[PDB]
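Let me begin by presenting the structure, written as structure tokens, before commenting on it.
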Number of protein chains: 12
Amino acid sequence: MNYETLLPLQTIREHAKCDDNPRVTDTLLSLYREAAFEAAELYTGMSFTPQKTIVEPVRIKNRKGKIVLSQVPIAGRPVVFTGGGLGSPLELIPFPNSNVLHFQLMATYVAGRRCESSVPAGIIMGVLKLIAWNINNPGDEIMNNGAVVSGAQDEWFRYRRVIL
Amino acid sequence: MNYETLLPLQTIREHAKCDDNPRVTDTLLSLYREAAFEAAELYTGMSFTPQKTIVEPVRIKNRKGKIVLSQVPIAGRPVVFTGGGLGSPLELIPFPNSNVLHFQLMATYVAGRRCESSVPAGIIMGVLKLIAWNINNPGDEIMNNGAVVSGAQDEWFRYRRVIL
Amino acid sequence: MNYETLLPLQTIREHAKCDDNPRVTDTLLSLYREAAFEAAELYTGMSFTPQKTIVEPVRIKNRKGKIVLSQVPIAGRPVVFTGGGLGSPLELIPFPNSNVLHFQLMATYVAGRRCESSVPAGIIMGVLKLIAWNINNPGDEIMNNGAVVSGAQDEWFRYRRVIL
Amino acid sequence: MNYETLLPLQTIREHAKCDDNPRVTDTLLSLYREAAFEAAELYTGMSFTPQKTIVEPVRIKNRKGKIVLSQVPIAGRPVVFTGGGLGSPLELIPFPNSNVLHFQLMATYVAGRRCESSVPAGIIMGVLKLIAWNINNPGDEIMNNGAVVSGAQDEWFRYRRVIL
Amino acid sequence: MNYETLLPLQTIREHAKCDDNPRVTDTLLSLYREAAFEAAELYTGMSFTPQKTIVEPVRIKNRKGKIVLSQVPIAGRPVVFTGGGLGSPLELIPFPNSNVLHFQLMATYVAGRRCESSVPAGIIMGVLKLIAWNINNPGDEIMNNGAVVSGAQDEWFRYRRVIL
Amino acid sequence: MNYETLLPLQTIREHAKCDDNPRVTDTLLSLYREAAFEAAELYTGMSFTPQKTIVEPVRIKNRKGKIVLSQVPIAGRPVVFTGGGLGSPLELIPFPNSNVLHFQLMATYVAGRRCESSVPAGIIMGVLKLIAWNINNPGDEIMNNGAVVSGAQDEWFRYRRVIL
Amino acid sequence: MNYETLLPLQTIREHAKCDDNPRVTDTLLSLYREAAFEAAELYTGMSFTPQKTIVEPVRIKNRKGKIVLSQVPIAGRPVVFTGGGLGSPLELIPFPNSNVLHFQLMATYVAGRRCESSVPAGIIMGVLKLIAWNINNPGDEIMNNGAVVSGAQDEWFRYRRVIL
Amino acid sequence: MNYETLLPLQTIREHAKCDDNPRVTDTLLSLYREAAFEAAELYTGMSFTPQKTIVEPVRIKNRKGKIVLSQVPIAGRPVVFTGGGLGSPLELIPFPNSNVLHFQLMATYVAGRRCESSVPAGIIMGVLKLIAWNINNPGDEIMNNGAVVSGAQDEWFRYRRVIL
Amino acid sequence: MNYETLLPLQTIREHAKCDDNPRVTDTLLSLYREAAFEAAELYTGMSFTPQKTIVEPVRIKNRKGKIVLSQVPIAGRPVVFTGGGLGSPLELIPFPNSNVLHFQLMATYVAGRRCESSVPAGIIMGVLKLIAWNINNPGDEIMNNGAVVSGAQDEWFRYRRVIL
Amino acid sequence: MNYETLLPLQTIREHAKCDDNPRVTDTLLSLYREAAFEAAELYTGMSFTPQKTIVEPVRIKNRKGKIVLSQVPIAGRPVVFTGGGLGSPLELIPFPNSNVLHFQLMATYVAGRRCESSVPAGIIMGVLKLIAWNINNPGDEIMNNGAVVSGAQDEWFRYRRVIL
Amino acid sequence: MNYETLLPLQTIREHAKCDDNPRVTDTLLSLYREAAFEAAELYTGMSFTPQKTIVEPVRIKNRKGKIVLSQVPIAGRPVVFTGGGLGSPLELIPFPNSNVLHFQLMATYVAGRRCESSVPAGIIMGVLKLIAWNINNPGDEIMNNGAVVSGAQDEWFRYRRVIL
Amino acid sequence: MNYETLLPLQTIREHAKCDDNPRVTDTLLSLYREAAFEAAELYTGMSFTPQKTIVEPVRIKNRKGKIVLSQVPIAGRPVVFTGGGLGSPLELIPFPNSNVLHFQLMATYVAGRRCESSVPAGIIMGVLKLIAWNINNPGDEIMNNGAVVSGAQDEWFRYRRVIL
């Protein structure tokens, strides 16, 4: 993917205060950038521009009618349901920024984002901190996890929406 | 967005005493300003300039007749109800600084600000400290939770409406 | 408000001992003073001469008829209420230094305080301390609220009279 | 108030050893002196030389007839109570350092001092220490509760008269 | 009062290691002396040479007929008590150094000292210690109460005589 | 495996900045790389990517019919079951990220990774960190659990996925 | 007084190694000596040379007839009792070594010491140590309870041997 | 066994960074390597190629017939039992990786393994650390066991089969 | 008593490494020795040669007739009792090393030793330590008793070994 | 005995880097070697090369035939019982690695080692460390339990085997 | 006593490094030696030089017939008891190193070896250490119970014979 | 005894590493050697070459027949006891190293060692450490028993065989 557009090398170099470097090659930094983006993906679950189709074997959690989805659905668009003898389609309006719906069973929806320009800035701010840490810690001495001490995880934490 | 009118780059540079450093280009300051304003909006809950129309579904929270909405409406404009098979749309005056309801189903309101001069000074003061912190410490050393240690977050606490 | 009449910049400079600062211009010091006065007013509640009006809906609290408004009405002319089923409004005299009144219903009033020169010395001293602290702390600390550590909030405490 | 008679500027300048310093103008010293005397008045609760005479409502605390005063009446001559259905005005003499009298209801008496030289020296000594602290520490360092650490709020404690 | 005879300036200067001081003027030392004497009087209640007339309303303490007074009357000359239902005036001489007597009402008496020479040396030593402390602590340095750390209060403690 | 394709020696030499060092020959770097990759494989349990469908033995765990598989099936391609006493084919949709299925026994499903570039960058970062630690610390000092203190172990914890 | 014969100034100066010092006059040293002997008398309770006849009131302590006087007795002149139910002074013989009388009412005895020579060496040593402490430390630094820390007090403890 | 085939001495010299040692000759490095491989074998239990025959007596264990042999037979080749008054010898196939069989008696068997090529990398890495630790600690410094502190025993732990 | 016969000054000057002192004259050292020997006598209870007579009254103790005298009579010579309404005087033999006898009553006796020969060695060492401590602690050192910290009271303890 | 064939002096000197030191003669090194081997034999319990026949009395520790013997028997030769009124001497096979068997009375056996080449390397390493410690620490300082702090003891622990 | 035969001054001078120091004359060293030997005798209760014969009274401890001696006799010749109703000789020999015998009463005995070699070297060793401590530390410093910190009272503990 | 053969002076000097001493004479080291050997004697209880006879009474312990002796009799020749048993005096040979036997009563026997060459090396190693410790510390510095910190007691501990 064109990570260059999401975060240029020049900005990374400027933030890290490493635009005068005798041995750190761009080829290596292009690996740290991808690693940081993958780490953010794993920590938050918010995919970038490439949208992904979701069809999964949903289930009912309890008699209250609670259904848990694996990922948040595309915002605004209703979500459809089918299967279990219900030949006709069925759909409801989902909650924004949530993955709980109410009435073998089957359901479908799409997850992803419009494009490079819709990424919240806080994600980038945490990512840049993570790259800076990885640049200034090849792994020779202790001076304990990298993604936490660098503070990027705290920046990303604002979006993980723990129960209120 | 016109973040420039809210906090011109000149003031940010003057506060940080870095107007002559070529290491901090305009784009980096723009990114820092955007991230700081986003963090302030998330923390204090005060929606910024845009006046976005908001529509989202609801479920009857309790048997007593309580329902909750996700964002704060602007005072004056009633919150209206539509759909859900009910008798007919209904209009309610919003309780300022609250989004709780008193008597699938739908409702909608507006959130935002009419004028940009209404920004309290404390928010700008905290944003200045946060940007100053981000300019100096890239997070690659331990001597990193900028929002807390920089002191910006505590300034905004005056408005986070602790329960009296 | 004309804060310059209450605290000349020269006085602030003589207090903080910053009559030679090589980078702190007056345009930033004025913002500092504005923020400090806002913080003091919010903490103590001793507002100034200018006035503002508000309108809100209200709900009775108990069978005894105690009612709570969102802001303190001016110490003076009546506070008006409208609606409530009855065909004509009802009005009560608001008790000063309080937001509580005694008996949907809509309420309106005007906010503000009395003559300009009401400011005592302690608040001025606290504001000076807060400004002095703010000048010498753009935010860097491993060696945490500015108003608490600086001691200003201990100067203003004499006017709160907390009953637990 | 006319503090010039109670504590000449010359004594303050001599105690703090700043008579040759041009960076502390008469305005700033006047502000510090006024603030210090205000703090002393708030802490110990004795109004100074001006022979203030008070008229305050009083209600019997309990069936035993205890009545508590908000100020200590001048010793040696009676304190009078009126109103409250009394057949005729009645006046007694209080026990010294006692603010409680016992065998609508209104009470009046005179509280003050004859000559300014009777202003107890401890109060002036505490004011001097507070002013000296204020002049040297603007409040932007951690080497700030001036009233305490300087000792003035301890020098004044002799008078507050906790219950024996 | 004749403080110059109770404790001359020369002795105070010699004790505190002062041959000649660059800025400490005698006028300020004269204030320190008076402050120290007032502090001693407040801590012990032992009024100096000027004998004082005392009149106050006395009461009986307990079932045992115990009687207490505000100050110790002179050792050998009676106290008087009349009014409040007494049958005839009667004056009696109290215990030595103990304000305890045994079987509105007003009682008066005289307390004080025979002459200047009656002052025990310990009080003078404590006053000298307190003066020395005050000369070397204008109130600007922390790294607390002056009268205790200086040790004068410990010297005076020998005469307060808490119950045995 | 042919590790030369996964991680060329050039990248290791660049990250550890030892391309000009003649004391670390290719033979020793091969050993270090092999050991690091084997350690990662043992830890996360994700054998690397010769693309491979999965068919493995299983035995039922309890009356509920729960059966535990080894690796995560891919999304959108149903598993199929055989073995035991079954006489007809059967296919069920797997739950995302799951490794347990319920209705000797046989069954096969499609999973794994296709291209070597899909090897998540986190694993490569962990391997690089472990190799960098091994290069500089032979293991005879206390200023030695290399996998942990170097942080390589922490980078691999994102995958082991303790029960939710 | 006779303090000169008990402890000549020459010995004190020799002990304190300050004979050639013009910075401590004779009057101040005499004051130190007087204070030292006063403190010693208070602590150890041994009345010094000046004999005094004592006449003090007494109250019956208990139903057993016990009565306690104020000061320690010297070998003791007989005691005459007056007041109460006795028409003429009731003569009786007291006993030394205890302050208890056991077969308003008056009692009497004598106390003191005939000669200086019996002052034990321990008292002199303690007085010397206390005077040496007082000469050097004026009481304005901390790193000040002279009677205790100087070690003088512990020397005198040999003679008390309290019974608890 | 031919340890020089598994780990060339030059490899050890390169790992420990001792390619200039002034007094560590090869006749001692051979002993160090011999000891380290023996320690690894005892810890992990993975033997080395050469086989050896063993004969031992046994004692009747219990009813269920679980019998423990002092060593692990090789590859499950038959293990014979003789003597003890049995009618004729009986033989069983021993379960590999264990020394327990299911049924005075005598037992004999042979122990060993197949080939050198089946040595994983982790064991080699641990042995290298153990040798490096041994070289630089001849036994005259305190800075508890060599195999533990050096971290070698933390490399072999991956094969010791804790109970899942 | 003639201490010079028991301990020459030269012995002190040799022990305390003070055979060069130009400030510690012999007159003060003699007083030090005089005090030290008296302190040793008080601690050990072995009164010295100078004999002294004593006369005292005694109260009636109890049924068993054990009576306590204020001092220890001289061993082996009668102790007399008189007065107390007895028909004629009664005399008893006093038990040595004690002040208790077995039966207002008056009592008389005498105490002392024979001569100076009754001094063991350890007492001399204790006295030497006490004197050496006293010389080099004039009483202005804190950067706690003299006789205990010096160890002399640990030398004399051997002669008590009481049943404590 | 011929300790030379087990550990030549040349190897010890090479390990301790003292081959050119004339301060350590051959006799001292022989003494150190003998002491170290004795300590190892005592600790690990492995009887060394010189074979010896042992005859000692026994008393069964329980009531069901528990035999216990002082030292471990050597493999092959049965332990033979003699005397004790037996019908005839009886022979038992030695259970390896133990001296407790299932059955005044007498028993005998033989212990030792067939050849010197059977010494494990770990014993030699521990002996070398202990000798190195003893060479460089005579035991007159504290930074002295050589067997433990030198690390030699822990090397031998591999063989001591715990009771399970 | 004639200590010259037990420990010549030459040995003390050689051990205590002071064989050329003129300060420590013969008298002071003899005093130290005598004090140390007396302390040793007190601690151990064992007179060294004379083979003293003791006659002491004995009272039966309890009906068991236990008698406790004060000294330890020798194994081989008896200890005699006399007095009471014994009409025939009665003398026994106790357990070695035991001071208790199992059956007014009088006892006497003598034991020990021929010569001064019964003054074990340990006692002399302790005396040397105590004298060495005494010579160097007069007791006016802190870094003082010499008998302990020097180890002499620990050296003598071997013979104290804890009461088993 | 000719200790020279047991441990030559030269070996002691070489071990304690002091063959340059300017003041430690051989005569004093000869005393140190004897003291160390006595200390070993007292600690472990094993006598040296001189075998000695023992005579003492032996009271039975319990009905089980357990009897104990002061020292271990020679390993192979009998202890004797007269009377207290069957018709003839009887002597038996004891357990190896265990002073426990089983069936007036005076019993005697011999104990000791064959020759000077039978002393285990560990005893010599401990004695050398104790000698070095005694040489280093004459008793002045404190840097707590001398026989333990030296480590000799730990070396001797292996032979003291605590009770099981």
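Labels used: A, B, ... for chains in the order of the structure tokens, numbers from 1 for residues in each chain, and numbers from 1 for ligands as shown.
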
If we count only C-alpha atoms, what is near residue F:89 at a cut-off of 12 Å, once residues fewer than 5 positions away on the same chain are taken out, given as a VMD selection string?
chain F and resid 79 to 83 106 to 108

Residues of the last selection are to be written out with N, CA, C and O atoms, as an mmCIF file, in the first residue's frame.
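Saved the output as again31.cif:
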data_model
loop_
_atom_site.group_PDB
_atom_site.id
_atom_site.type_symbol
_atom_site.label_atom_id
_atom_site.label_comp_id
_atom_site.auth_asym_id
_atom_site.auth_seq_id
_atom_site.Cartn_x
_atom_site.Cartn_y
_atom_site.Cartn_z
ATOM 1 N N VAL F 79 -14.928 -25.044 6.313
ATOM 2 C CA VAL F 79 -14.219 -26.270 6.663
ATOM 3 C C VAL F 79 -15.055 -27.473 6.248
ATOM 4 O O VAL F 79 -16.275 -27.379 6.082
ATOM 5 N N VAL F 80 -14.393 -28.617 6.073
ATOM 6 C CA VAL F 80 -15.060 -29.877 5.777
ATOM 7 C C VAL F 80 -14.544 -30.935 6.742
ATOM 8 O O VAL F 80 -13.412 -30.858 7.230
ATOM 9 N N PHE F 81 -15.383 -31.935 7.011
ATOM 10 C CA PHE F 81 -15.131 -32.918 8.056
ATOM 11 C C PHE F 81 -15.214 -34.328 7.490
ATOM 12 O O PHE F 81 -16.014 -34.602 6.590
ATOM 13 N N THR F 82 -14.385 -35.220 8.033
ATOM 14 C CA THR F 82 -14.350 -36.617 7.622
ATOM 15 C C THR F 82 -13.932 -37.462 8.820
ATOM 16 O O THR F 82 -13.920 -36.994 9.961
ATOM 17 N N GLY F 83 -13.600 -38.722 8.555
ATOM 18 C CA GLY F 83 -13.056 -39.580 9.586
ATOM 19 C C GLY F 83 -14.119 -40.133 10.525
ATOM 20 O O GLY F 83 -15.309 -39.830 10.436
ATOM 21 N N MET F 106 -11.617 -36.850 11.507
ATOM 22 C CA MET F 106 -10.806 -36.111 10.549
ATOM 23 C C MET F 106 -11.568 -34.874 10.098
ATOM 24 O O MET F 106 -12.799 -34.817 10.153
ATOM 25 N N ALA F 107 -10.812 -33.875 9.653
ATOM 26 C CA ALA F 107 -11.391 -32.682 9.054
ATOM 27 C C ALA F 107 -10.259 -31.846 8.480
ATOM 28 O O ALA F 107 -9.142 -31.842 9.002
ATOM 29 N N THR F 108 -10.564 -31.131 7.400
ATOM 30 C CA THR F 108 -9.575 -30.307 6.723
ATOM 31 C C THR F 108 -10.175 -28.947 6.408
ATOM 32 O O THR F 108 -11.376 -28.820 6.158
#

Residual all-Cα deviation (RMSD) between chain B and least-squares-fitted chain H, paired in order, is 1.5 Å

When you look at residue I:150 with a cut-off of 9 Å (counting only C-alpha atoms), what residues show up, excluding the ones that are within fewer than 2 positions of it in the same chain? I need them as number ranges by chain.
I: 126, 129-130, 132-133, 145-148, 152-154; K: 139-142, 144-145

Write out, as a JSON list (two decimals), in the first residue's frame, the residues just selected, with N, CA and C atoms.
[["chain", "number", "residue", "atom", "x", "y", "z"],
["I", 126, "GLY", "N", 37.17, 2.21, 84.21],
["I", 126, "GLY", "CA", 35.96, 2.98, 83.98],
["I", 126, "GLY", "C", 36.16, 4.46, 84.22],
["I", 129, "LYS", "N", 38.14, 5.98, 81.35],
["I", 129, "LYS", "CA", 37.31, 6.21, 80.17],
["I", 129, "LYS", "C", 36.42, 7.43, 80.36],
["I", 130, "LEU", "N", 35.81, 7.56, 81.54],
["I", 130, "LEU", "CA", 34.93, 8.70, 81.78],
["I", 130, "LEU", "C", 35.69, 10.01, 81.68],
["I", 132, "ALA", "N", 38.52, 10.60, 80.05],
["I", 132, "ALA", "CA", 38.94, 10.83, 78.67],
["I", 132, "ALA", "C", 37.78, 11.34, 77.83],
["I", 133, "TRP", "N", 36.58, 10.79, 78.04],
["I", 133, "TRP", "CA", 35.41, 11.31, 77.34],
["I", 133, "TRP", "C", 35.13, 12.75, 77.73],
["I", 145, "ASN", "N", 24.10, 10.33, 76.96],
["I", 145, "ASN", "CA", 24.70, 10.63, 78.26],
["I", 145, "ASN", "C", 26.20, 10.37, 78.19],
["I", 146, "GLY", "N", 26.96, 11.15, 78.95],
["I", 146, "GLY", "CA", 28.41, 11.02, 78.91],
["I", 146, "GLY", "C", 28.90, 9.69, 79.45],
["I", 147, "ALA", "N", 28.34, 9.24, 80.57],
["I", 147, "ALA", "CA", 28.83, 8.04, 81.23],
["I", 147, "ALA", "C", 28.46, 6.76, 80.49],
["I", 148, "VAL", "N", 27.37, 6.77, 79.72],
["I", 148, "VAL", "CA", 26.94, 5.56, 79.02],
["I", 148, "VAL", "C", 27.64, 5.42, 77.68],
["I", 152, "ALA", "N", 32.23, 3.41, 80.23],
["I", 152, "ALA", "CA", 32.62, 3.23, 81.62],
["I", 152, "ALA", "C", 31.53, 2.52, 82.40],
["I", 153, "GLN", "N", 30.28, 2.90, 82.17],
["I", 153, "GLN", "CA", 29.16, 2.24, 82.83],
["I", 153, "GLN", "C", 29.00, 0.79, 82.39],
["I", 154, "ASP", "N", 29.66, 0.38, 81.31],
["I", 154, "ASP", "CA", 29.75, -1.02, 80.94],
["I", 154, "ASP", "C", 30.93, -1.72, 81.59],
["K", 139, "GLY", "N", 38.55, 5.95, 74.60],
["K", 139, "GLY", "CA", 37.15, 5.99, 74.96],
["K", 139, "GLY", "C", 36.45, 7.32, 74.76],
["K", 140, "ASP", "N", 37.10, 8.29, 74.13],
["K", 140, "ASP", "CA", 36.51, 9.60, 73.87],
["K", 140, "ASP", "C", 36.08, 9.76, 72.42],
["K", 141, "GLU", "N", 35.74, 8.66, 71.75],
["K", 141, "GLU", "CA", 35.39, 8.69, 70.33],
["K", 141, "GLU", "C", 34.30, 7.67, 70.07],
["K", 142, "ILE", "N", 33.68, 7.78, 68.90],
["K", 142, "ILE", "CA", 32.69, 6.82, 68.43],
["K", 142, "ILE", "C", 33.01, 6.48, 66.98],
["K", 144, "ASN", "N", 31.68, 1.55, 72.49],
["K", 144, "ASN", "CA", 33.02, 1.52, 73.07],
["K", 144, "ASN", "C", 33.14, 0.43, 74.12],
["K", 145, "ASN", "N", 32.28, -0.58, 74.04],
["K", 145, "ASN", "CA", 32.35, -1.74, 74.93],
["K", 145, "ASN", "C", 33.49, -2.62, 74.43]]

Going by DSSP on the backbone, which bits of chain I are helix (DSSP H, G or I)? Write them as a ChimeraX atom specification, please.
/I:3-6,9-15,26-44,116-118,121-135,146-149,152-159

Selection: 9 Å around residue G:2, only C-alpha atoms, excl. self and same-chain fewer than 3 positions, as an MDAnalysis selection string:
chainID G and resid 5:6 49 116

Fewer than 3 positions away in the same chain doesn't count, so skip those; otherwise give me all residues within 9 Å of stretch 11-18 of chain G, counting only C-alpha atoms, as a PDB file with N, CA, C and O atoms, in the first residue's frame.
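result-v3.pdb was written with the following content:
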ATOM      1  N   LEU G   7      31.276  29.048  91.940  1.00  0.00           N
ATOM      2  CA  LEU G   7      31.879  28.765  90.637  1.00  0.00           C
ATOM      3  C   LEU G   7      32.533  30.033  90.108  1.00  0.00           C
ATOM      4  O   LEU G   7      31.905  30.834  89.406  1.00  0.00           O
ATOM      5  N   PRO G   8      33.808  30.250  90.428  1.00  0.00           N
ATOM      6  CA  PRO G   8      34.482  31.471  89.968  1.00  0.00           C
ATOM      7  C   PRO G   8      34.503  31.569  88.450  1.00  0.00           C
ATOM      8  O   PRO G   8      34.585  30.563  87.742  1.00  0.00           O
ATOM      9  N   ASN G  21      39.020  36.188  74.895  1.00  0.00           N
ATOM     10  CA  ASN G  21      37.972  36.608  73.978  1.00  0.00           C
ATOM     11  C   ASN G  21      37.299  37.867  74.502  1.00  0.00           C
ATOM     12  O   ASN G  21      36.638  37.810  75.550  1.00  0.00           O
ATOM     13  N   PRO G  22      37.425  39.014  73.828  1.00  0.00           N
ATOM     14  CA  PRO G  22      36.684  40.207  74.258  1.00  0.00           C
ATOM     15  C   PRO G  22      35.245  40.236  73.782  1.00  0.00           C
ATOM     16  O   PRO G  22      34.543  41.223  74.044  1.00  0.00           O
ATOM     17  N   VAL G  24      32.750  38.350  74.703  1.00  0.00           N
ATOM     18  CA  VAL G  24      31.789  37.935  75.721  1.00  0.00           C
ATOM     19  C   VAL G  24      32.145  38.610  77.040  1.00  0.00           C
ATOM     20  O   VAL G  24      33.075  38.193  77.737  1.00  0.00           O
ATOM     21  N   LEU G  29      28.175  36.543  80.956  1.00  0.00           N
ATOM     22  CA  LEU G  29      28.571  35.290  81.589  1.00  0.00           C
ATOM     23  C   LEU G  29      27.910  35.123  82.951  1.00  0.00           C
ATOM     24  O   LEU G  29      27.527  34.007  83.323  1.00  0.00           O
ATOM     25  N   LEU G 128      28.751  23.602  84.047  1.00  0.00           N
ATOM     26  CA  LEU G 128      29.816  23.963  83.119  1.00  0.00           C
ATOM     27  C   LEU G 128      29.452  23.574  81.695  1.00  0.00           C
ATOM     28  O   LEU G 128      29.637  24.363  80.761  1.00  0.00           O
ATOM     29  N   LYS G 129      28.927  22.361  81.507  1.00  0.00           N
ATOM     30  CA  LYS G 129      28.539  21.941  80.164  1.00  0.00           C
ATOM     31  C   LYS G 129      27.434  22.827  79.603  1.00  0.00           C
ATOM     32  O   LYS G 129      27.477  23.217  78.430  1.00  0.00           O
ATOM     33  N   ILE G 131      26.700  25.968  80.376  1.00  0.00           N
ATOM     34  CA  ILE G 131      27.232  27.291  80.066  1.00  0.00           C
ATOM     35  C   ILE G 131      28.067  27.240  78.794  1.00  0.00           C
ATOM     36  O   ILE G 131      28.012  28.149  77.957  1.00  0.00           O
ATOM     37  N   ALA G 132      28.863  26.180  78.632  1.00  0.00           N
ATOM     38  CA  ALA G 132      29.643  26.036  77.410  1.00  0.00           C
ATOM     39  C   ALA G 132      28.743  25.950  76.188  1.00  0.00           C
ATOM     40  O   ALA G 132      29.036  26.565  75.158  1.00  0.00           O
ATOM     41  N   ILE G 135      27.263  29.454  75.458  1.00  0.00           N
ATOM     42  CA  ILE G 135      28.209  30.445  74.951  1.00  0.00           C
ATOM     43  C   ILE G 135      28.301  30.371  73.433  1.00  0.00           C
ATOM     44  O   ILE G 135      28.315  31.400  72.746  1.00  0.00           O
TER      45      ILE G 135
ATOM     46  N   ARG I  23      45.944  24.091  76.783  1.00  0.00           N
ATOM     47  CA  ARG I  23      44.725  24.770  77.197  1.00  0.00           C
ATOM     48  C   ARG I  23      44.054  24.139  78.406  1.00  0.00           C
ATOM     49  O   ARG I  23      43.341  24.841  79.128  1.00  0.00           O
ATOM     50  N   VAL I  24      44.257  22.846  78.648  1.00  0.00           N
ATOM     51  CA  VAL I  24      43.617  22.137  79.755  1.00  0.00           C
ATOM     52  C   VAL I  24      44.592  22.140  80.927  1.00  0.00           C
ATOM     53  O   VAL I  24      45.514  21.327  80.987  1.00  0.00           O
ATOM     54  N   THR I  25      44.379  23.054  81.868  1.00  0.00           N
ATOM     55  CA  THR I  25      45.240  23.160  83.033  1.00  0.00           C
ATOM     56  C   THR I  25      44.912  22.064  84.042  1.00  0.00           C
ATOM     57  O   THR I  25      43.904  21.362  83.935  1.00  0.00           O
ATOM     58  N   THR I  27      44.146  22.362  87.270  1.00  0.00           N
ATOM     59  CA  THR I  27      43.057  22.635  88.203  1.00  0.00           C
ATOM     60  C   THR I  27      41.738  22.073  87.690  1.00  0.00           C
ATOM     61  O   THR I  27      40.948  21.523  88.467  1.00  0.00           O
ATOM     62  N   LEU I  28      41.478  22.201  86.389  1.00  0.00           N
ATOM     63  CA  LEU I  28      40.237  21.677  85.829  1.00  0.00           C
ATOM     64  C   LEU I  28      40.262  20.154  85.759  1.00  0.00           C
ATOM     65  O   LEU I  28      39.234  19.497  85.972  1.00  0.00           O
ATOM     66  N   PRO I 138      33.433  19.229  75.517  1.00  0.00           N
ATOM     67  CA  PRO I 138      33.077  20.379  76.360  1.00  0.00           C
ATOM     68  C   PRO I 138      31.594  20.707  76.367  1.00  0.00           C
ATOM     69  O   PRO I 138      31.150  21.433  77.266  1.00  0.00           O
TER      70      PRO I 138
END

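Nearest to chain F of all the residues A:137, A:46, A:68, A:156 is A:137, based on only C-alpha atoms.
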
Would you kindly return, as a PyMOL selection string, each protein, DNA or RNA residue with an atom no farther than 12 Å from any atom of residue C:118, considering only C-alpha atoms and excluding same-chain residues fewer than 4 positions away?
chain C and resi 6+46-49+113-114+122-124

Excluding residue H:67 and any residue of its chain fewer than 2 positions from it, enumerate the residues within 8 Å of it, using only C-alpha atoms, and give them as number ranges by chain.
H: 60-61, 65, 69, 100-103

If you run DSSP over the backbone, which residues in stretch 34-136 of chain J end up strand (DSSP E or B)? Put them as a PyMOL selection string.
chain J and resi 52-57+66-68+79-82+90-92+100-102+106-111
